[PDB]
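Chemist: Starting from these lines, generate the structure:
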Amino acid sequence: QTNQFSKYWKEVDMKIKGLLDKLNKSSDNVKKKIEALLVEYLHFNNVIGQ
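Modeler: Residues are numbered from 1 along each chain as shown. Structure as follows:
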């Protein structure tokens with residue numbers, strides 16, 4: 001409704017990079033969890049970019 005796609009896109013990109021940098025700082029058990037969450041955050045960002 002607002003058409004503020006770029007603001008939310010940058011916000012979600014920051015979220016993505018945060019998850020990526022936290023991926024290497026985490027244990028394997030929760031590493032799997034971070035990777036599984038990345039698979040969906042990237043879908044979010046790709047949809048918003050489209």
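Chemist: what secondary structure does the nearest residue to residue 23 once chain neighbours are set aside sit in?
Modeler: Computed as Cβ to Cβ, 6 or more residues apart in numbering, the closest residue to residue 23 that is not its neighbour in sequence is residue 34, at 4.7 Å. From N, CA and C alone the C-beta is placed, and that goes for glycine too. With DSSP: H, G, I helix; E, B strand; the rest coil as the basis, residue 34 sits in helix.
Chemist: Next, count neighbours for residue 34.
Modeler: The tally of other residues near residue 34 (other Cβ atoms under 10 Å) stands at 17.
Chemist: Show the contacting residues for the residue nearest the centre of the chain.
Modeler: For the chain, the residue nearest the mean C-alpha position is residue 16 (3.0 Å; Cα atoms, centre = their mean). If a contact means Cβ atoms under 8 Å, 6 or more residues apart in numbering, then residue 16 has 38, 41-42, 45 as its contacts.
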